[PDB]
Amino acid sequence: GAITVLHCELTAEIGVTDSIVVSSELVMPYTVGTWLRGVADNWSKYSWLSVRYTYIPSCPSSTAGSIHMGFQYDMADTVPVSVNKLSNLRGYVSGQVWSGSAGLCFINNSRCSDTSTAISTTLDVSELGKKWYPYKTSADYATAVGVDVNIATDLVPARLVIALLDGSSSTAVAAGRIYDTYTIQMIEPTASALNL
Amino acid sequence: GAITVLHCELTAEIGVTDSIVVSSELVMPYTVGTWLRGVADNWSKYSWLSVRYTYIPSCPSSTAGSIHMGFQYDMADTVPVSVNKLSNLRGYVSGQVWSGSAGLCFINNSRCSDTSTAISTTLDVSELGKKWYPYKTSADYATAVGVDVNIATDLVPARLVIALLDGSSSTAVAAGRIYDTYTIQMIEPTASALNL
Amino acid sequence: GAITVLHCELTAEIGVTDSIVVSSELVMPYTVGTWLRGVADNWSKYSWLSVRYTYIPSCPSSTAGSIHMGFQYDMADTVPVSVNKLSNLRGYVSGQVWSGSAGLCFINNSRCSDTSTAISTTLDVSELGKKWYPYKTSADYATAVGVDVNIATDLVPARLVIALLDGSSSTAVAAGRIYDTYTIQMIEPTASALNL
Amino acid sequence: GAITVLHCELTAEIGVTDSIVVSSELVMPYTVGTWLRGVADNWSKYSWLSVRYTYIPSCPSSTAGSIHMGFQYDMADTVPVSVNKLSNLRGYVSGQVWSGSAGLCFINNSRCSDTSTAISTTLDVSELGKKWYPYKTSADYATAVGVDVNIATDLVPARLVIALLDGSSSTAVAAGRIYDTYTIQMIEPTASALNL
Amino acid sequence: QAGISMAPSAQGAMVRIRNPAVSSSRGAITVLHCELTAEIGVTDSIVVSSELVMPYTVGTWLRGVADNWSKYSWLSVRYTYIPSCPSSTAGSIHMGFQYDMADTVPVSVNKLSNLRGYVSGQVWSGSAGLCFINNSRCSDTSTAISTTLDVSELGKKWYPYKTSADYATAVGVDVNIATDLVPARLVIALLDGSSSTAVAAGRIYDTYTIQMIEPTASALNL
Amino acid sequence: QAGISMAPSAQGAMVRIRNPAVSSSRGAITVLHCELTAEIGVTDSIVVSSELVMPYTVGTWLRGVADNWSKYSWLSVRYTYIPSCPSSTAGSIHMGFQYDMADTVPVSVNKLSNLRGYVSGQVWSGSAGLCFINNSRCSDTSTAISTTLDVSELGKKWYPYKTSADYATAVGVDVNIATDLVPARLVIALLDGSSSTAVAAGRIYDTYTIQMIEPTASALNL
Ligand SMILES: [Ca+2]
Ligand SMILES: [Ca+2]
Ligand SMILES: [Ca+2]
Ligand SMILES: [Ca+2]
Ligand SMILES: [Ca+2]
Ligand SMILES: [Ca+2]
Ligand SMILES: [Ca+2]
Ligand SMILES: [Ca+2]
């Protein structure tokens, strides 16, 4: 009954400016990437076997700026407001917007050489609070969270906080992209139209 | 520690009309049936070890109509509106409203040889959200869900949806009944009067 | 010492109407059937080694109606008034009034392969109150019970309750018959004329 | 088919005065305690695997008075009228209303150290006159017993006689509570509403 | 000697709490400690009280330490009653656990006696449970009024660190939202006393072992 | 430690009587048992009471068993007092035996103190005698309030089983007729109390070993 998918897809496009810009992505099928969003909808519940976010650069070596990533686990906790608080989170990694190429091996599965320079981080699936979560659409999530954020705890495993700053322009400059590489188990099918 | 009970009881009475009529039942002690609702209330939490719904006919071989059953696990998902949509659910099982007698052996657990025609489905007890669920009353559940449906995922493991159509009359004709056969582990006793 | 008999005989004739009609039969030699009543009277006490009631139809596949059976053990308990209440008893077994032929093999004890549809239930001969029960006549039992019902627990091991409903006519239609297949051990001979 | 429950619950609240006050409790589910009373009703018959009554104090060390307990087995026998006769009964134990704390280990199952000071006594389940008794409500019992007490023999295994005296007040002073710790086997389910 | 007991005039128990034990394994950090958790007083009528078993409310120290981690798991939680009155004091204490916050709080020792971890005892006894708090070698704990959480049967393993404030708000929307945030609550009942006015009976200490994971600046933790 | 004593607030003694031991040798059948024999209460003035030491009156069980035999002989008879009040209770108990039913019952602890088997003690003590009843291994019975019959010095060995009724009639003709039927009587005195009204003090248990001979249908035994 468990049907397993392994895949790496574009999860977010990154631009860097001269000011801190904190953003976050829920670590659930619907938000992880559009491809998964579409396939996972045909199933009622899932379990993350492995989730790794890897940043791959697209800018010139002359591009100033740094990216910082880390995880949060209680949606009710406040999202880091400074890059300082961010550095306290689990899974913190911080790189420079033009580096990270060695991480490419995580995206195309070829054998990785030295990945100490890859700006990549992974989710601690075993310390998550439950193994089988329900597939949620961001819309429905939003509504729930609107009543009380604590309703999110039963619905989503974690949140990926990203921070970009130290750039040189007041206007966004294309830095790179964050790709997500996951192994997921999907169970109990459903027509997607009913999945909220 | 745990106190295990295996039992069978009437869970619902069924009637066929000439138009689709989808209905559902929460898979929790309180609603599985009257007897279980009663004994289960003396414990605080429980865990399903086995749950099986078996439809048994009571109409003549000439009764037009068909029955359909399946499970859903995110109380927030839309309930099916058609046989096609329903056929996708886990544990889907369809059949003539006058068929299904072979499932009798599941009820008074005897030797089941002829079970290829039994209109009986089983809950995937291991892929459920968690192990120990709290005993809830229809009333309390109802209120919670009235705030936000997602508050339900923390309380009920699944719901059985039932659809009946293909009947001959626009007014309901008696078809059969759905019986539930479960094995449940209960823990943390409480005076029933306190249990909501 | 003991004299063992295994036999099968007609125990009751059945008819369906459009309203519930719960009836019951004491599980004692005198009432199980005419033949046993006759031979059993030549012994003072007896012990059931096996008792099985099997319903066998005699109506067309188009006959509306359903049959229900179960056991009760405290003659003082109220007899069921509905299918729900009845479905809780031990050995509950329900089915279409025109179904049940697979149970024939229990009657003339042959090889039973297709028994998943047999509307047949069995007495839990080992959890009975005691082993040796005295042979009683309907008359004598009746009087005793007329003083106080509890006087019955010392004399009869159980009673089979039968409920028929879902019929189409308000006037009884012939459905089928209930046959009893038992194995009994008898001891302490007596001239039958003395046996009350 | 045998479903087993193990539990310890409050069975009686004790007050002491300056005069002998003899009381008794039938050793049957219905009277043993309200929790059991409610769960055991869903089953037709039971068997006691173990029954132990333990008194736990709640008064000051300065509380004068003694409790005496013992068993009776033929409901027709006269209830002890003096504490003397009481001391002849099987299972006799007599303690002082402020002592008995060591018996707490019987109530919460923690490992018992030295229980020679616990005012506790147990039922000789093997010398009982039958193993499977019918669940009876005190109301129905009363009626039966009203016709002739001997009808009780077939219905209940034993009776716990309690005597409290030697207190210092003409008016009851709260001494302690008697908790019952049992292991019971329940068989042949029934809707509780029918159980008398 | 077997069967004999002597009621003392008063029991004495010298509580001496040792330094908290903290240590980080790989991923998980573990704390072990004891804290005074509640004060107790008796009356002639029954009075039921409850305490949620979550870091924030279990103890004043724990509250501030646990806040630096995102989630936690209880390895062990024990409540022990230590008396502070003479054997002449009337009254009894009763404890037990409830696991569905929506359930009604017990209103009698009869209902109470059915709960998981139930324990009763004279308001003037229980010094035997001292070894649990002091950390000494336990002798005969037969007469201790102490109970413990059945951690293995709890709803889930990892719970989020919550502040009473945020919790209180959640629960205000619907009490069932609590199920997802807190594992259980200790219920405490006291009665059998002699004054209509409360009489100080004793106090309750909590001894626990908790596992904490996934760090976060405290300020962000709600 | 030598010379030091600590008065407790109250003494506790958990009485648990075991199954009677009966066995037939050749001619003689022997019973061994314990029965609660009397209830005790104190007052500020002296109150003397007596109990005949014969099967019929020694115990309610013995009474009915011994009746199936024509004669008997006491192998051992012991009376032990077990308290049921606190050490704050005023009062003392005194026991002794008399052997000529015609003699006057003592009217003072002074006369009483001269009797065979005399024992005194605070109405709130005596738990040390528990081992005699419970059948446990006796430790320091130094402070037990328990006394025993001097069976070897009794008037004769075999006495006839008598019912209180028939005895009472005999004695009514002349008390000296008792000498031939009963071996002795226990005298009990209580005083030193504080209420003019009796205050429950404790109770007395009797532990005996008796030999019974020459069977008879019970109905004939008077
Ligand atoms: Ca959850
Ligand atoms: Ca969904
Ligand atoms: Ca509940
Ligand atoms: Ca007869
Ligand atoms: Ca009987
Ligand atoms: Ca009954
Ligand atoms: Ca938090
Ligand atoms: Ca005589």
# chains A, B, ... in the order shown; residues from 1 in each chain; ligands from 1

$ residues_around --residues "residue C:147" --least-positions-apart "3" --cutoff "12 Å" --atoms "only C-alpha atoms" --output "PDB file with N, CA and C atoms, in the first residue's frame"
ATOM      1  N   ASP C 140     -42.851 -28.445  33.905  1.00  0.00           N
ATOM      2  CA  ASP C 140     -42.190 -28.248  35.180  1.00  0.00           C
ATOM      3  C   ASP C 140     -41.366 -26.970  35.173  1.00  0.00           C
ATOM      4  N   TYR C 141     -40.610 -26.764  34.107  1.00  0.00           N
ATOM      5  CA  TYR C 141     -39.785 -25.578  34.020  1.00  0.00           C
ATOM      6  C   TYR C 141     -40.651 -24.356  34.165  1.00  0.00           C
ATOM      7  N   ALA C 142     -41.716 -24.339  33.380  1.00  0.00           N
ATOM      8  CA  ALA C 142     -42.661 -23.237  33.350  1.00  0.00           C
ATOM      9  C   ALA C 142     -43.125 -22.817  34.723  1.00  0.00           C
ATOM     10  N   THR C 143     -43.541 -23.791  35.518  1.00  0.00           N
ATOM     11  CA  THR C 143     -44.025 -23.525  36.859  1.00  0.00           C
ATOM     12  C   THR C 143     -42.953 -22.898  37.730  1.00  0.00           C
ATOM     13  N   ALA C 144     -41.755 -23.472  37.687  1.00  0.00           N
ATOM     14  CA  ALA C 144     -40.647 -22.989  38.487  1.00  0.00           C
ATOM     15  C   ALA C 144     -40.376 -21.536  38.171  1.00  0.00           C
ATOM     16  N   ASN C 150     -35.221 -16.591  38.118  1.00  0.00           N
ATOM     17  CA  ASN C 150     -33.899 -17.028  38.478  1.00  0.00           C
ATOM     18  C   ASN C 150     -33.803 -18.505  38.822  1.00  0.00           C
ATOM     19  N   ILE C 151     -34.936 -19.124  39.129  1.00  0.00           N
ATOM     20  CA  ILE C 151     -34.934 -20.547  39.432  1.00  0.00           C
ATOM     21  C   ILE C 151     -34.509 -21.298  38.155  1.00  0.00           C
ATOM     22  N   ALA C 152     -34.523 -20.598  37.027  1.00  0.00           N
ATOM     23  CA  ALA C 152     -34.149 -21.212  35.767  1.00  0.00           C
ATOM     24  C   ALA C 152     -32.670 -21.392  35.586  1.00  0.00           C
TER      25      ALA C 152
ATOM     26  N   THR D 143     -35.398  -9.349  44.543  1.00  0.00           N
ATOM     27  CA  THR D 143     -36.672  -9.974  44.264  1.00  0.00           C
ATOM     28  C   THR D 143     -36.562 -11.482  44.463  1.00  0.00           C
ATOM     29  N   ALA D 144     -35.548 -12.081  43.846  1.00  0.00           N
ATOM     30  CA  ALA D 144     -35.322 -13.516  43.928  1.00  0.00           C
ATOM     31  C   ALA D 144     -35.219 -13.931  45.381  1.00  0.00           C
ATOM     32  N   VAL D 145     -34.329 -13.252  46.072  1.00  0.00           N
ATOM     33  CA  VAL D 145     -34.097 -13.519  47.463  1.00  0.00           C
ATOM     34  C   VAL D 145     -35.366 -13.317  48.292  1.00  0.00           C
ATOM     35  N   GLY D 146     -36.263 -12.473  47.805  1.00  0.00           N
ATOM     36  CA  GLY D 146     -37.501 -12.243  48.520  1.00  0.00           C
ATOM     37  C   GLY D 146     -38.399 -13.469  48.507  1.00  0.00           C
ATOM     38  N   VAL D 147     -38.369 -14.227  47.411  1.00  0.00           N
ATOM     39  CA  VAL D 147     -39.169 -15.443  47.290  1.00  0.00           C
ATOM     40  C   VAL D 147     -38.561 -16.487  48.223  1.00  0.00           C
ATOM     41  N   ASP D 148     -37.248 -16.670  48.129  1.00  0.00           N
ATOM     42  CA  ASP D 148     -36.540 -17.594  49.001  1.00  0.00           C
ATOM     43  C   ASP D 148     -35.066 -17.349  48.808  1.00  0.00           C
ATOM     44  N   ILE D 151     -32.491 -19.097  46.484  1.00  0.00           N
ATOM     45  CA  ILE D 151     -32.365 -18.831  45.069  1.00  0.00           C
ATOM     46  C   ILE D 151     -31.061 -18.048  44.835  1.00  0.00           C
TER      47      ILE D 151
END

$ residues_around --residues "stretch 71-79 of chain A" --least-positions-apart "6" --cutoff "6 Å" --atoms "only C-alpha atoms" --output "JSON, numbers by chain"
{"A": [89, 90, 149, 158, 159, 160, 161], "E": [220, 221, 222]}

$ write_last_selection --atoms "C-alpha atoms" --output "tab-separated table (two decimals), in the first residue's frame"
chain	number	residue	atom	x	y	z
A	89	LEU	CA	18.20	26.80	14.56
A	90	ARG	CA	18.80	23.15	13.81
A	149	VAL	CA	-1.63	28.36	14.64
A	158	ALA	CA	8.48	21.47	9.95
A	159	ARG	CA	9.33	24.77	8.33
A	160	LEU	CA	12.44	25.82	6.38
A	161	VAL	CA	13.57	29.35	7.21
E	220	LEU	CA	11.07	32.81	19.55
E	221	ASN	CA	9.67	29.93	21.56
E	222	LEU	CA	5.96	30.13	22.14

$ interface_residues --of "chain B" --to "chain C" --cutoff "8 Å" --atoms "only C-alpha atoms" --output "list in words"
residues 8, 9, 10, 11, 35, 56, 57, 58, 59, 60, 61, 62, 101, 102, 103, 104, 105, 107, 108, 110, 111, 112, 113, 114, 115 and 174 of chain B

$ select_by_dssp --residues "stretch 3-185 of chain A" --states "alpha helix (DSSP H)" --output "PyMOL selection string"
chain A and resi 29-32+34-40+83-86+104-107+138-147

$ residues_near_ligand --ligand "ligand 6" --cutoff "6 Å" --atoms "only C-alpha atoms and all ligand atoms" --output "NGL selection string"
(:C and (74 or 77)) or (:D and (44 or 134-136 or 195-196))

$ write_last_selection --atoms "N, CA and C atoms" --output "CSV table (one decimal), in the first residue's frame"
chain,number,residue,atom,x,y,z
C,74,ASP,N,-28.8,-15.8,30.9
C,74,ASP,CA,-29.4,-15.5,32.2
C,74,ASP,C,-30.9,-15.4,31.8
C,77,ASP,N,-32.5,-12.1,32.0
C,77,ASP,CA,-32.3,-10.9,31.2
C,77,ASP,C,-33.4,-10.7,30.3
D,44,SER,N,-22.8,-11.2,29.7
D,44,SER,CA,-23.8,-12.0,30.4
D,44,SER,C,-23.3,-12.8,31.7
D,134,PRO,N,-23.9,-15.6,36.7
D,134,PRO,CA,-24.6,-14.6,35.8
D,134,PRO,C,-24.5,-13.2,36.4
D,135,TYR,N,-24.4,-12.2,35.5
D,135,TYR,CA,-24.4,-10.9,36.0
D,135,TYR,C,-25.8,-10.5,36.5
D,136,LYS,N,-25.9,-10.1,37.8
D,136,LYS,CA,-27.2,-9.7,38.3
D,136,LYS,C,-27.2,-8.3,38.9
D,195,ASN,N,-29.6,-6.6,30.6
D,195,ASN,CA,-29.0,-7.3,31.7
D,195,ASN,C,-29.5,-7.1,33.0
D,196,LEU,N,-30.2,-8.1,33.6
D,196,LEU,CA,-30.8,-8.0,34.9
D,196,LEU,C,-30.2,-9.1,35.8

$ closest_residue --among "B:50, B:42, B:183, B:169" --to "ligand 3" --atoms "only C-alpha atoms and all ligand atoms"
B:42

$ residues_around --residues "residue F:50" --least-positions-apart "6" --cutoff "12 Å" --atoms "only C-alpha atoms" --output "PyMOL selection string"
chain F and resi 37-38+57-58+94-99+101+104-107+184-190

$ write_last_selection --atoms "N, CA, C and O atoms" --output "PDB file, in the first residue's frame"
ATOM      1  N   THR F  37     -12.798 -13.472  72.067  1.00  0.00           N
ATOM      2  CA  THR F  37     -13.568 -13.879  73.217  1.00  0.00           C
ATOM      3  C   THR F  37     -14.336 -12.800  73.964  1.00  0.00           C
ATOM      4  O   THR F  37     -15.436 -13.058  74.433  1.00  0.00           O
ATOM      5  N   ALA F  38     -13.783 -11.600  74.087  1.00  0.00           N
ATOM      6  CA  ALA F  38     -14.485 -10.544  74.805  1.00  0.00           C
ATOM      7  C   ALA F  38     -14.109  -9.157  74.331  1.00  0.00           C
ATOM      8  O   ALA F  38     -13.037  -8.970  73.764  1.00  0.00           O
ATOM      9  N   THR F  57     -18.474 -21.664  76.660  1.00  0.00           N
ATOM     10  CA  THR F  57     -18.293 -20.241  76.767  1.00  0.00           C
ATOM     11  C   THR F  57     -16.979 -19.714  76.252  1.00  0.00           C
ATOM     12  O   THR F  57     -16.858 -18.512  76.026  1.00  0.00           O
ATOM     13  N   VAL F  58     -15.989 -20.579  76.050  1.00  0.00           N
ATOM     14  CA  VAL F  58     -14.693 -20.087  75.573  1.00  0.00           C
ATOM     15  C   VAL F  58     -14.772 -19.497  74.180  1.00  0.00           C
ATOM     16  O   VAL F  58     -14.160 -18.475  73.916  1.00  0.00           O
ATOM     17  N   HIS F  94      -6.649  -5.763  84.124  1.00  0.00           N
ATOM     18  CA  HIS F  94      -6.080  -6.749  85.045  1.00  0.00           C
ATOM     19  C   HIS F  94      -6.755  -8.102  84.909  1.00  0.00           C
ATOM     20  O   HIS F  94      -7.981  -8.167  84.913  1.00  0.00           O
ATOM     21  N   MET F  95      -5.974  -9.178  84.817  1.00  0.00           N
ATOM     22  CA  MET F  95      -6.547 -10.520  84.677  1.00  0.00           C
ATOM     23  C   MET F  95      -5.952 -11.518  85.653  1.00  0.00           C
ATOM     24  O   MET F  95      -4.807 -11.365  86.086  1.00  0.00           O
ATOM     25  N   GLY F  96      -6.732 -12.545  85.975  1.00  0.00           N
ATOM     26  CA  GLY F  96      -6.296 -13.573  86.896  1.00  0.00           C
ATOM     27  C   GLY F  96      -7.329 -14.676  86.910  1.00  0.00           C
ATOM     28  O   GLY F  96      -8.424 -14.489  86.386  1.00  0.00           O
ATOM     29  N   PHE F  97      -7.006 -15.813  87.516  1.00  0.00           N
ATOM     30  CA  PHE F  97      -7.919 -16.948  87.565  1.00  0.00           C
ATOM     31  C   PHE F  97      -8.417 -17.305  88.962  1.00  0.00           C
ATOM     32  O   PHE F  97      -7.714 -17.100  89.954  1.00  0.00           O
ATOM     33  N   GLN F  98      -9.630 -17.841  89.035  1.00  0.00           N
ATOM     34  CA  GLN F  98     -10.213 -18.300  90.298  1.00  0.00           C
ATOM     35  C   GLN F  98     -10.599 -19.742  90.014  1.00  0.00           C
ATOM     36  O   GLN F  98     -10.986 -20.069  88.879  1.00  0.00           O
ATOM     37  N   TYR F  99     -10.523 -20.599  91.034  1.00  0.00           N
ATOM     38  CA  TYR F  99     -10.806 -22.011  90.809  1.00  0.00           C
ATOM     39  C   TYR F  99     -11.946 -22.674  91.598  1.00  0.00           C
ATOM     40  O   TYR F  99     -12.268 -23.846  91.382  1.00  0.00           O
ATOM     41  N   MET F 101     -15.717 -21.886  92.136  1.00  0.00           N
ATOM     42  CA  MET F 101     -16.806 -21.011  91.758  1.00  0.00           C
ATOM     43  C   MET F 101     -17.580 -20.355  92.888  1.00  0.00           C
ATOM     44  O   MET F 101     -18.169 -19.302  92.700  1.00  0.00           O
ATOM     45  N   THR F 104     -15.821 -15.525  96.261  1.00  0.00           N
ATOM     46  CA  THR F 104     -16.301 -14.216  95.860  1.00  0.00           C
ATOM     47  C   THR F 104     -15.409 -13.655  94.749  1.00  0.00           C
ATOM     48  O   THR F 104     -14.199 -13.886  94.728  1.00  0.00           O
ATOM     49  N   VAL F 105     -15.996 -12.919  93.817  1.00  0.00           N
ATOM     50  CA  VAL F 105     -15.196 -12.317  92.760  1.00  0.00           C
ATOM     51  C   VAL F 105     -14.449 -11.139  93.375  1.00  0.00           C
ATOM     52  O   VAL F 105     -15.014 -10.401  94.160  1.00  0.00           O
ATOM     53  N   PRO F 106     -13.174 -10.951  93.029  1.00  0.00           N
ATOM     54  CA  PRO F 106     -12.373  -9.846  93.570  1.00  0.00           C
ATOM     55  C   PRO F 106     -13.055  -8.502  93.383  1.00  0.00           C
ATOM     56  O   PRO F 106     -13.766  -8.288  92.404  1.00  0.00           O
ATOM     57  N   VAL F 107     -12.797  -7.576  94.294  1.00  0.00           N
ATOM     58  CA  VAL F 107     -13.398  -6.249  94.212  1.00  0.00           C
ATOM     59  C   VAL F 107     -12.346  -5.149  94.185  1.00  0.00           C
ATOM     60  O   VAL F 107     -12.656  -3.977  94.415  1.00  0.00           O
ATOM     61  N   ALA F 184     -12.191 -23.663  85.934  1.00  0.00           N
ATOM     62  CA  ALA F 184     -11.829 -22.348  86.485  1.00  0.00           C
ATOM     63  C   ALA F 184     -12.504 -21.213  85.767  1.00  0.00           C
ATOM     64  O   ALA F 184     -13.178 -21.426  84.761  1.00  0.00           O
ATOM     65  N   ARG F 185     -12.310 -19.998  86.263  1.00  0.00           N
ATOM     66  CA  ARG F 185     -12.898 -18.835  85.603  1.00  0.00           C
ATOM     67  C   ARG F 185     -11.893 -17.691  85.531  1.00  0.00           C
ATOM     68  O   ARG F 185     -11.075 -17.511  86.436  1.00  0.00           O
ATOM     69  N   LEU F 186     -11.910 -16.972  84.418  1.00  0.00           N
ATOM     70  CA  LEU F 186     -11.022 -15.844  84.217  1.00  0.00           C
ATOM     71  C   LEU F 186     -11.725 -14.652  84.806  1.00  0.00           C
ATOM     72  O   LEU F 186     -12.912 -14.482  84.589  1.00  0.00           O
ATOM     73  N   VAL F 187     -11.020 -13.861  85.596  1.00  0.00           N
ATOM     74  CA  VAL F 187     -11.594 -12.662  86.185  1.00  0.00           C
ATOM     75  C   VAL F 187     -10.900 -11.514  85.461  1.00  0.00           C
ATOM     76  O   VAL F 187      -9.692 -11.561  85.227  1.00  0.00           O
ATOM     77  N   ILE F 188     -11.656 -10.483  85.116  1.00  0.00           N
ATOM     78  CA  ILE F 188     -11.124  -9.343  84.391  1.00  0.00           C
ATOM     79  C   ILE F 188     -11.575  -8.073  85.106  1.00  0.00           C
ATOM     80  O   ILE F 188     -12.739  -7.946  85.448  1.00  0.00           O
ATOM     81  N   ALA F 189     -10.654  -7.153  85.367  1.00  0.00           N
ATOM     82  CA  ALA F 189     -11.005  -5.901  86.024  1.00  0.00           C
ATOM     83  C   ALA F 189     -10.426  -4.759  85.218  1.00  0.00           C
ATOM     84  O   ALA F 189      -9.319  -4.870  84.673  1.00  0.00           O
ATOM     85  N   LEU F 190     -11.188  -3.675  85.127  1.00  0.00           N
ATOM     86  CA  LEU F 190     -10.771  -2.487  84.409  1.00  0.00           C
ATOM     87  C   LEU F 190     -11.125  -1.259  85.217  1.00  0.00           C
ATOM     88  O   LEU F 190     -12.242  -1.125  85.729  1.00  0.00           O
TER      89      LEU F 190
END

$ residues_near_ligand --ligand "ligand 5" --cutoff "10 Å" --atoms "only C-alpha atoms and all ligand atoms" --output "PDB file with C-alpha atoms, in the first residue's frame"
ATOM      1  CA  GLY C 129     -22.945 -22.563  33.961  1.00  0.00           C
ATOM      2  CA  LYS C 130     -22.265 -26.181  34.878  1.00  0.00           C
ATOM      3  CA  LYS C 131     -21.676 -29.504  33.125  1.00  0.00           C
ATOM      4  CA  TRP C 132     -24.486 -31.733  34.169  1.00  0.00           C
ATOM      5  CA  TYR C 133     -27.956 -30.358  33.842  1.00  0.00           C
ATOM      6  CA  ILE C 151     -34.934 -20.547  39.432  1.00  0.00           C
ATOM      7  CA  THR C 153     -30.413 -20.660  35.901  1.00  0.00           C
ATOM      8  CA  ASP C 154     -29.988 -23.845  37.884  1.00  0.00           C
ATOM      9  CA  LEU C 155     -31.975 -25.806  35.109  1.00  0.00           C
TER      10      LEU C 155
ATOM     11  CA  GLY D 129     -19.315 -23.422  44.100  1.00  0.00           C
ATOM     12  CA  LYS D 130     -19.254 -22.761  40.350  1.00  0.00           C
ATOM     13  CA  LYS D 131     -16.922 -20.795  38.083  1.00  0.00           C
ATOM     14  CA  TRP D 132     -19.254 -18.892  35.776  1.00  0.00           C
ATOM     15  CA  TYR D 133     -21.911 -16.789  37.465  1.00  0.00           C
ATOM     16  CA  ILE D 151     -32.365 -18.831  45.069  1.00  0.00           C
ATOM     17  CA  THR D 153     -26.973 -19.731  45.916  1.00  0.00           C
ATOM     18  CA  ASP D 154     -27.251 -20.257  42.202  1.00  0.00           C
ATOM     19  CA  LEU D 155     -26.602 -16.453  41.609  1.00  0.00           C
TER      20      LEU D 155
END

$ closest_residue --among "F:173, F:47, F:112, F:28" --to "residue F:196" --atoms "only C-alpha atoms"
F:47

$ select_by_dssp --residues "stretch 5-189 of chain F" --states "strand (DSSP E)" --output "ChimeraX atom specification"
/F:10-13,21-24,29-42,47-52,69-83,92-98,116-122,146-148,159-160,185-189

$ atom_distance --atom1 "atom CA of residue F:6" --atom2 "atom CA of residue E:123"
23.4 Å

$ interface_residues --of "chain F" --to "chain D" --cutoff "6 Å" --atoms "only C-alpha atoms" --output "PyMOL selection string"
chain F and resi 14-16+36+84-86+200

$ write_last_selection --atoms "C-alpha atoms" --output "PDB file, in the first residue's frame"
ATOM      1  CA  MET F  14      -3.090  -6.785  62.542  1.00  0.00           C
ATOM      2  CA  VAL F  15      -4.966  -9.862  63.704  1.00  0.00           C
ATOM      3  CA  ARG F  16      -5.281 -12.641  61.154  1.00  0.00           C
ATOM      4  CA  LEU F  36     -12.321 -13.414  69.705  1.00  0.00           C
ATOM      5  CA  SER F  84      -7.783  -0.572  69.932  1.00  0.00           C
ATOM      6  CA  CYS F  85      -7.208   2.929  71.415  1.00  0.00           C
ATOM      7  CA  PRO F  86      -4.352   5.562  71.429  1.00  0.00           C
ATOM      8  CA  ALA F 200     -13.763   1.259  74.205  1.00  0.00           C
TER       9      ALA F 200
END

$ interface_residues --of "chain E" --to "chain F" --cutoff "9 Å" --atoms "only C-alpha atoms" --output "short mmCIF file (atom, residue, chain, number, x, y, z; two decimals) with N, CA, C and O atoms, in the first residue's frame"
data_model
loop_
_atom_site.label_atom_id
_atom_site.label_comp_id
_atom_site.auth_asym_id
_atom_site.auth_seq_id
_atom_site.Cartn_x
_atom_site.Cartn_y
_atom_site.Cartn_z
N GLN E 1 6.99 -9.19 65.66
CA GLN E 1 7.18 -7.99 64.78
C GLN E 1 6.31 -7.96 63.51
O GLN E 1 5.95 -6.89 63.01
N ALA E 2 5.96 -9.13 62.98
CA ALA E 2 5.12 -9.17 61.80
C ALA E 2 3.69 -8.87 62.22
O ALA E 2 3.15 -9.53 63.12
N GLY E 3 3.12 -7.84 61.61
CA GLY E 3 1.76 -7.45 61.93
C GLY E 3 1.67 -6.26 62.87
O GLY E 3 0.59 -5.69 63.04
N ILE E 4 2.80 -5.86 63.45
CA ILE E 4 2.80 -4.74 64.37
C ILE E 4 3.23 -3.43 63.75
O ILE E 4 4.14 -3.40 62.92
N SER E 5 2.57 -2.36 64.15
CA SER E 5 2.86 -1.03 63.65
C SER E 5 2.72 -0.06 64.82
O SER E 5 2.04 -0.35 65.80
N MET E 6 3.44 1.06 64.75
CA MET E 6 3.38 2.06 65.81
C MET E 6 3.19 3.38 65.10
O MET E 6 3.98 3.72 64.22
N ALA E 7 2.11 4.10 65.42
CA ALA E 7 1.86 5.39 64.79
C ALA E 7 2.74 6.40 65.51
O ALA E 7 2.79 6.41 66.75
N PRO E 8 3.53 7.17 64.77
CA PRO E 8 4.38 8.16 65.43
C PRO E 8 3.56 9.40 65.70
O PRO E 8 2.44 9.54 65.22
N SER E 9 4.14 10.31 66.45
CA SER E 9 3.48 11.55 66.78
C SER E 9 3.51 12.43 65.54
O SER E 9 2.55 13.13 65.23
N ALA E 10 4.62 12.35 64.80
CA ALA E 10 4.80 13.12 63.58
C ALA E 10 5.93 12.51 62.78
O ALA E 10 6.84 11.91 63.36
N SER E 87 0.51 13.53 63.06
CA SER E 87 -0.38 12.39 62.83
C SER E 87 -1.77 12.59 63.39
O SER E 87 -2.64 11.74 63.23
#
